[PDB]
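Asks: As you go down the protein sequences, you meet chains Z, B, U and V in turn. Those letters in the first sequence? Residues 112 to 328, per my numbering, in order. Those letters in the second sequence? Residues -18 to 200, per my numbering, in order. Those letters in the third sequence? Residues 254 to 474, per my numbering, in order. Those letters in the fourth sequence? Residues 112 to 328, per my numbering, in order.
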Amino acid sequence: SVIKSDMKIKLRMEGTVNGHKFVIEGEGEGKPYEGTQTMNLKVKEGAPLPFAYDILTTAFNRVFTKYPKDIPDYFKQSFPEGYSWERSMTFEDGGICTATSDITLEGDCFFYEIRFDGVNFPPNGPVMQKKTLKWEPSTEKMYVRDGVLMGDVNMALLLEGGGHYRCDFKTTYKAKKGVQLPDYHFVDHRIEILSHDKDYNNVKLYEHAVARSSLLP
Amino acid sequence: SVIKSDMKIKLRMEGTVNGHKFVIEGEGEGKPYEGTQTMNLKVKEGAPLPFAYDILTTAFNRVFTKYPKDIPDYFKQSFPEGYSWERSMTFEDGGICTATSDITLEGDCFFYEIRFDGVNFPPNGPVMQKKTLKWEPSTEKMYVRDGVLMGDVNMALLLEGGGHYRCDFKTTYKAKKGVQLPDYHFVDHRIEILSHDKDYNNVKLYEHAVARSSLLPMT
Amino acid sequence: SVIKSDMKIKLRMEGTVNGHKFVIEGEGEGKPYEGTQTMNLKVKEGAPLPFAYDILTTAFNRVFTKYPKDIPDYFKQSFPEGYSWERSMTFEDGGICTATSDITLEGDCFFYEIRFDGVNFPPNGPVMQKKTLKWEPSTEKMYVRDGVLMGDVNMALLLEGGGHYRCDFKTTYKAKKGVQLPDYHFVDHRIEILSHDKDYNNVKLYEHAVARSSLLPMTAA
Amino acid sequence: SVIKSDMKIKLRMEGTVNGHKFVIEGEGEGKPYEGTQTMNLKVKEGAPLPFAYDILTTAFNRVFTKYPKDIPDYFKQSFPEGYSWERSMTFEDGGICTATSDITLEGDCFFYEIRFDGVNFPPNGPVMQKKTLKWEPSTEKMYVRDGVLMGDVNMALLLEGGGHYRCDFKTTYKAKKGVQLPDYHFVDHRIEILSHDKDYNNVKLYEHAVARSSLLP
Ligand SMILES: [Mg+2]
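Spelled out as structure tokens, the structure:
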């Protein structure tokens, strides 16, 4: 395969949140077969970001997912050609984000071209007031729909004041060639900001993801 | 505990779907600490049901969930007084159900009084055309909200033609006495109709549920 | 037809809101061709109701709508056989209600058999804390879907401290015989509680409703 | 007033739908106090557009709304400084769009900078299969929320062969400076494509919009 034990990542995101423009670039590396990865992200335009950086992090590649032998791996099979994805993020207080990403591979390095746009966040809500601490770990439900792979996941941001703030993700993952389609299955995730500086101009970001069937008979 | 290794279940559900009235009664048993249970369900009014039986099954008790010792068990803690739950089920084609249940305990038997109402199902959709095969297994996200326990789950019905039909559950679980609240956690489920007669006047239904933290290591 | 200029109403609602059971019976009258009606409602069980009465009022009959002659009147055409409706009410804070009504006619009097169930209202929200003042007037968008009539309306409750609390209605209206179906149109409403007693055991309720096309002219050459 | 009886319009939209990039430029004119306007739109990049042009048209300025004297006009009051808006468009089959516009005034001419992104449209649905005929006329519900103006509208596209395809709009309108805020009210609209060429590289577009209270005593 062109997917090796260790692979590098480069990316650029451009976007808006509540009309505020920004650009972020990143570089990282990961272990596609272990489902782990780390990257460093740098704000290039739009500092200081006026919103919770956490809304961005899941937009910064299901290639980095440990897939068991008995579940077809839609993402790794898609290379060398690659894949794109499209996502809606519906927050419980009316905020809506769309995001798209085009994922290509050159040599040992993936490149992501990412667009992110967020609208209708309440001005005193947790996103515009930067009151989030982290996403909780999650379980994404993966199923085929109209020839492509869909993923839906109930996400939750733990808040400073205590309690959680909910967001529902719907993602369409689109391979650029024929791949073996998996049956309905699950991808468990844990994403974390490992470190960051004031105003999140520099962020180190980590994700662990593992695919599985039900644990139950 | 008043909750023993083996417990019985008695229930009654009254409801409507697409304006069609029905009553179902049930009796069963399970193992609260294993997270398993089986029951037999009988349609008493409204036979033959004109909609997919699968929309009802998850309304027919989180007491039947294996909880590890390091996650507080909101449900078992609530007894003998017990608890109620409230649920919305939002289907991707505009169909919406509400369901409520009040769960009490007398001796070795739980009793559920269930209400179920479904509206705005498309006439040619998989519910009214009875084109569902089963629910997929699931993972429900449990979290405290305004002093009680909430659960959200992305559910999917596998269809006869292949492909899936999606529904989003939001449930509030309300203990009738103060209990130790758990941190954010997960409940994995598998619900299965084991057997049924031609028009689902008789149904044997099984659920296995286990609570957990993330399977992924911390850091 | 069997729809007269003055007609009577009787009803019974049974329901729950956040698990609290109640029963309400009503009697009233209205003018089907004017789109106006008034009724008196009495709590029979569940008093004092622990939630905002306003969430129930739109459940307490589109026969009471003034329809111009050039828009087919789905509702009046459905009698004598009648019709039923099904509704979801999705509030912006996660509260959700379902409501169903079977509407029959005997002599000069309609009877409505109504079910109403509301779940997941936040305990400190405006519904459970009774902080609503009224519904704003509205415009419902009416369109045929799969052989029956659907109505979607963006509704808003005016709140005590100022500001609004939003709810989206989707209603399916189902005639019990074949009727002439209308093109896409609008129904304007204003529903108001005219009077009530302390705990809303006795409520007098009014609705005015008028159907129309767009007020804006069609494009021409 | 800097808002005159006749005013001009110039705009640029950049965006994506289903991952497909495009750029459209427009010029027009209208009558702010009468609530009418017409414009000509040209596809600059991304031709031929692979999706229903109708999804774009409501993104191409509530300044063009007839306002009665007894309802504060949030939009005309915002000039000369101007205003922005943010919108989510939630279609009944899972397609979701975000759009944002920044609206400025130079001389007799309004300038819009528009971004539009649409995701998760089903490949055989009416948007990707171009089965839409027009938007129906509508009534938008306008209300203050957290100090800015919100508009929610139930929209419907008339489809080929009959029937409708529904979309729910939520828009936040944000004046750059403080303006007198209006009570709950309504804006009626009718938007129409007057003419277009093969693949909609050139489109002439019209809207009429009038604000009002309820017609019922
Ligand atoms: Mg407000």
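Even for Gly, the Cβ is constructed at its ideal location relative to N, Cα and C.
1) Just the chain V side, please: which residues come within less than 8 Å of Z/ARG226 by C-beta, in chain order?
2) Can you tell me where the alpha helix (DSSP H) with Z/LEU167 in it begins and where it stops?
3) Taking 8 Å as the cut-off, does the CB of U/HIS417 come closer than this to any heavy atom belonging to ligand 1?
4) Distance, Cα to Cα, U/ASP441 vs V/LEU326?
5) Which first and last residues belong to the beta strand (DSSP E) in which B/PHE56 is found?
6) Chain U partners of B/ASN101, CB-CB under 7 Å?
7) CA-CA distance, V/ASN235 and V/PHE186?
8) With 9 Å as the threshold, decide whether the Cβ of U/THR351 is near any Cβ in chain B.
9) Beta-carbon of V/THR250 versus every beta-carbon of chain U: anything under 9 Å?
10) Give me the subset of the segment 289 to 306 of chain Z whose CB atoms are less than 9 Å from a CB atom of chain B, sorted by chain position.
11) On the three-state DSSP scale, how would you describe B/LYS155?
12) Show which residues of chain U have a CB atom less than 7 Å away from the CB atom of V/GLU247.
13) Determine which residues of the segment 390 to 419 of chain U have a Cβ less than 9 Å from any Cβ of chain V, and write them out in chain order.
14) Please go through the segment 306 to 380 of chain U and give each complete beta strand (DSSP E) segment of 3 or more residues, from N-terminal end onward.
15) Consider the Cβ of B/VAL44: report whether some Cβ of chain Z lies at a distance smaller than 9 Å.
16) Taking all protein chains shown into account, do 16 or more other C-beta atoms lie within 10 angstroms of the C-beta of U/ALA462, making it buried, or fewer, making it exposed?
17) Taking the CB atoms as reference points, tell me whether Z/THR283 and Z/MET261 lie closer together than 9 Å.
18) When burial is assigned at 16 or more other CB atoms within 10 Å of the CB, is B/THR200 buried or exposed?
19) Determine the chain V residues that contact U/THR472 at a beta-carbon separation under 9 Å, and present them in chain order.
20) For the putative contact between V/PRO293 and V/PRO183, defined by C-beta atoms under 8 Å, what is the C-beta separation to the nearest angstrom?
21) Buried or exposed for Z/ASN172, going by 16 or more other Cβ atoms inside 10 Å?
22) Determine, using beta carbons only, whether V/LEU160 and V/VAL128 come nearer to each other than 9 Å.
23) Counting only Cβ pairs nearer than 9 Å, list the residues of chain Z close to B/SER195.
24) Got a sec: does ligand 1 put a non-hydrogen atom nearer than 8 Å to the Cβ of V/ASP257?
25) Between the Cα of Z/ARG123 and the Cα atoms of Z/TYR311, Z/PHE221, Z/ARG256, which residue gives the shortest distance?
26) Is U/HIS273 buried or exposed, if buried means 16 or more other CB atoms sit within 10 Å of its CB?
27) Looking at Z/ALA158 and Z/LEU268, is the spacing between their C-beta atoms short of 9 Å?
28) Closer than 8 Å between beta carbons: that is the criterion. Which residues of the segment 376 to 387 of chain U meet it against chain B?
29) Strictly below 8 Å CB to CB, what residues from chain B border U/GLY272?
30) For B/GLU121, count the other beta carbons within 10 Å of its own beta carbon; 16 or more makes it buried, fewer makes it exposed. Which is it?
31) Is the beta carbon of Z/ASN231 less than 9 Å from the beta carbon of V/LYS287?
32) Measure from the C-beta of B/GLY27 to each C-beta in chain U and report whether the shortest distance is under 9 Å.
33) Where do the N-terminal and C-terminal ends of the beta strand (DSSP E) with B/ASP133 fall, by residue?
34) Can you have a look at Z/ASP165 and say buried or exposed, based on whether 16 or more other CB atoms are within 10 angstroms of its CB?
35) Grouping DSSP H, G and I as helix and E and B as strand, with all else coil, what is B/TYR187?
36) Over what stretch of residues does the beta strand (DSSP E) that includes B/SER176 continue unbroken?
Replies: Reading from the atomic positions:
1) What Z/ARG226 touches in chain V: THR127, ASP228.
2) Taken as a continuous stretch (DSSP letters only), the alpha helix (DSSP H) holding Z/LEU167 covers 165 to 168.
3) Distance from the C-beta of U/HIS417 to the nearest heavy atom of ligand 1 is below 8 Å.
4) Answer to the nearest angstrom: the Cα atoms are 8 Å apart.
5) Careful: B/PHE56 lies outside any beta strand (DSSP E), inside the alpha helix (DSSP H) at 55 to 58.
6) Those are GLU339, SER341, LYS423, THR425, listed as they occur along chain U.
7) Rounded to whole angstroms, V/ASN235 to V/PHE186 spans 39 Å at the Cα level.
8) It does: the Cβ of U/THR351 has a partner Cβ on chain B nearer than 9 Å.
9) Interface residue, yes.
10) Contacts with chain B (Cβ-Cβ distance below 9 Å) from the segment 289 to 306 of chain Z involve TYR295, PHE297, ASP299, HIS300, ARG301, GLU303, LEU305, listed in chain order.
11) Residue state, collapsed to three classes: strand.
12) Going along chain U in sequence order, the residues near V/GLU247 (Cβ under 7 Å) are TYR437.
13) So the list reads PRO390, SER391, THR392, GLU393, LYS394, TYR396, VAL397, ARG398, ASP399, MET403, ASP405, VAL406, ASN407, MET408, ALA409, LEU411, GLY415, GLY416, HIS417, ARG419, given in the order they occur along the chain.
14) List check, beta strand (DSSP E) in window: 336 to 344, 349 to 359, 362 to 372.
15) Cβ-Cβ to chain Z under 9 Å: no for B/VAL44.
16) For U/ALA462, the number of other beta carbons within 10 angstroms of its own is at least 16, and it is reported as buried.
17) Their beta carbons are under 9 Å apart, which means Z/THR283 touches Z/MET261 by this criterion.
18) Flag for B/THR200 reads exposed.
19) Proximity of chain V to U/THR472 at the Cβ level (cut-off 9 Å) is accounted for by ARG301, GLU303, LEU305, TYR317, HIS319, in chain order.
20) Right, their Cβ atoms sit about 4 Å apart.
21) Counting the other CB atoms within 10 Å of its CB gives Z/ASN172 a total of 16 or more, which places it among the buried residues.
22) For V/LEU160 and V/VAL128, yes; Cβs fall inside 9 Å.
23) Ordered by position in chain Z, the residues that pass the 9 Å Cβ test against B/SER195 are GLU247, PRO248, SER249, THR250, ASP299, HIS300, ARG301.
24) Checking the Cβ of V/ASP257 against ligand 1 gives yes.
25) Shortest Cα-Cα distance from Z/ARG123 to any of Z/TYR311, Z/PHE221, Z/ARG256 involves Z/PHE221.
26) U/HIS273 counts as exposed, since fewer than 16 other C-beta atoms from the protein chains shown sit within 10 angstroms of its C-beta.
27) With contacts defined by Cβ atoms closer than 9 Å, Z/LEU268 and Z/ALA158 do not form a contacting pair.
28) Taking 8 Å as the cut-off between beta carbons, the residues of the segment 376 to 387 of chain U near chain B are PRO376, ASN377, in sequence order.
29) Under the 8 Å cutoff, chain B gives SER65, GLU67, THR81, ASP83, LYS155.
30) Classification for B/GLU121: buried.
31) Not in contact: Z/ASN231 and V/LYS287 (Cβ atoms no closer than 9 Å).
32) Output row for B/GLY27: interface = no.
33) Annotation for B/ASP133: the continuous beta strand (DSSP E) segment containing it runs 129 to 140.
34) Residue burial is scored here from C-beta neighbours: Z/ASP165 has at least 16 other C-beta atoms within 10 angstroms and is therefore classed as buried.
35) DSSP, read as helix, strand or coil, puts B/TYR187 in strand.
36) Start and end: 166 to 177.
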